[PDB]
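Report on the following structure.
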2 protein chains.
Amino acid sequence: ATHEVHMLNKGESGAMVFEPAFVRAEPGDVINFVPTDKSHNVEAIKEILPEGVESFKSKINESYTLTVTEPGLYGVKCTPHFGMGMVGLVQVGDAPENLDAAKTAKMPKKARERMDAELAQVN
Amino acid sequence: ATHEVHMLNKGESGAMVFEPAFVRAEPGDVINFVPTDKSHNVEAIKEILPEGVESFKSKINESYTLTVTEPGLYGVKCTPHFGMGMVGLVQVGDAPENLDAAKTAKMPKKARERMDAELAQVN
Ligand SMILES: [Cu+2]
Ligand SMILES: [Cu+2]
């Protein structure tokens, strides 16, 4: 299955956001990151990645297609707006093995506040 | 401004969901509840409504246009699927005066679990 996530300056939940910021996928699913607004990109938050998945970083203003194979939580951020809280979370499969990494990963306060909000949708 | 919320059987966060389940609006905003899938409706959760706003209930499979004037939290549910957790939350303005009603409103466990997840996006 395919999932679409928009990169927006202003979404339904706030400013500088991935929308939806939380996506529940299954192994083999495709996640398309679409820059609805310019100035955004998507990059993996290395601390929040399943074992065995390579880090990724797209170019600004470009679409990025992420194929999730490994189960676990995938944390993503927008490089220039990490500080302003532009983060997203993808949960592949049940009982994420790296739930505690996601819960304790050190990050800019706004991003940490949004990651926590997203973690509350887990399972 | 206008905000669109879809009623779905299966969304990006789970099954039987309002999507987005959390909308941040300003007084005078319009919220359109669109049944993307059939069998859903939107009805106000009376315990989670600002002072002075009338309760509302739309017919199944119908669109509903909610104009939010009063600031505060507006809780909505899908009548036939309340028990399965199909609830949504709208925050109009800052510092919702009825935040504690939303936090303690008695409701079916799944709905309560989802409401709490949505409350975490508040402010
Ligand atoms: Cu960005
Ligand atoms: Cu429903």
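Letters go in sequence order (proteins before strands), and every chain restarts at 1. Just follow the structure's listing: the first ligand is 1, and inside any ligand the first atom is 1.
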Result block: side-chain N/O donor-acceptor pairs under 3.5 angstrom for residues 71-92 of chain A, not counting sequence neighbours:
residue  : atom : partner   : partner atom : Å
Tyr74(A) : OH   : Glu70(A)  : N            : 3.4
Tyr74(A) : OH   : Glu70(A)  : O            : 2.8
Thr79(A) : OG1  : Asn41(A)  : OD1          : 3.3
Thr79(A) : OG1  : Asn41(A)  : ND2          : 2.8
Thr79(A) : OG1  : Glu43(A)  : OE1          : 2.6
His81(A) : ND1  : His40(A)  : ND1          : 3.3
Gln91(A) : OE1  : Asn123(A) : N            : 3.1
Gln91(A) : NE2  : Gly93(A)  : O            : 2.9

Note to self: Suppose the cut-off is 2.8 Å; which protein N/O/S atoms would you list for the Cu ion (ligand 1)?
What the structure shows: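 Listed by chain and number, the nearby protein N, O or S atoms are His40(A) ND1, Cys78(A) SG, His81(A) ND1, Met86(A) SD.
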
So, for [X] and [Y], which heavy atoms are closest and what is the spacing to 0.1 Å?
X: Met115(B); Y: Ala102(B); answer: CG-O, 4.2 Å
X: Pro20(A); Y: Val5(A); answer: O-CG1, 3.4 Å
X: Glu19(A); Y: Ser13(A); answer: OE1-N, 4.0 Å

Checklist line | Pairwise side-chain contact, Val34(B) with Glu4(B), heavy-atom cut-off 4.5 Å (strictly under) | finding: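 Yes, their side chains come closer than 4.5 Å.
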
Notebook entry, point to check: Between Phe56(B) and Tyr64(B), what is the ring plane arrangement, given parallel below 30°, perpendicular above 60°, and tilted in between?
Noted result: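 Answer is parallel, since the angle falls under 30°.
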
